[PDB]
């Protein structure tokens, strides 16, 4: 009946404790053996390794490699699972959501907070949840973690130790899995194929992400643009503004918004940015700063890199960023 491809990339799920600390050492065949994963029963699992990478530290070039491999596999597989490091899982899931347009199959990313060989490892549970969801007659890019299925472009890693490490940010979970029971939280009907798969791996990697902090000077904006960076993401305040008083930050940004996309997201985790609610937000908007609305940091960053691969025109970037491609952002 079904054919699944499991793609290994390294990560904690591929790691073992050594004298040098945790080290990515396992190929996908060893992961599946050590996590006691069934390779058959109404399906056949095939496996493969993305060579010379470790998704403990994913590089954007790896996104292009993974996107090309996943896109080729769509022909030959009913479902695709990617095992990946947790720290950038959400970035890969988000970038794949923009690089693979209208996947006609489930692409499910997972990892583990614990190596397989550590006591109470989450790796077997998460691989099994990913396999169960990849066998569903659905399409899109998802993350399987701690029995949840989440839209990939809505996931963030919220903690560094706890097993419930991934959350859907400002968006419902897709589903919850209890064994052979899949409970759809958004209707299965909303994840059906709709148009033909397209591969688009264009991107500009020089996006810099700053936390907005009290006293942060406009000198930092001069510095990153002199370092030749092409987009700026600000982890800003809920009011969505920047100071005019005792500060050149807003005035130095207003000078460069005609030529450089400056995106306002939040340092806070939940509920997004609304630059209209406060006078300070409206002042920021009137400088040509682009609101990230309800997007994750991971979606904002990957989307802008992808957007800048297409155009240097800031109005076109503004339109791309506010286009809802795959439910990464509210309409």
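Numbering follows the first chain given and starts at 1.
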May I ask you to compare 227-235 and 70-78 by their mean CA B factor in the entry and name the higher one? 70-78
Of 303-311 and 13-21, which one has the bigger average CA B-factor? 13-21
Residue set 295, 264, 45, 268, per-entry CA B-factor max assigned to 45
According to the deposited entry, which of 254, 148, 154, 211 has the largest Cα B-factor? 254
B-factor third for the C-alpha atom of residue 199 within its chain: highest
Entry-reported Cα temperature factor of residue 244, expressed as the chain third it lands in: highest
Third of chain Cα B-factors occupied by residue 135: highest
According to the PDB entry, is the CA B factor of residue 128 in the bottom, middle or top third of its chain, that is, lowest, middle or highest? middle
Looking at the entry's B-factor column for C-alpha atoms only, identify whether residue 187 ranks in the lowest, middle or highest third of its chain. highest
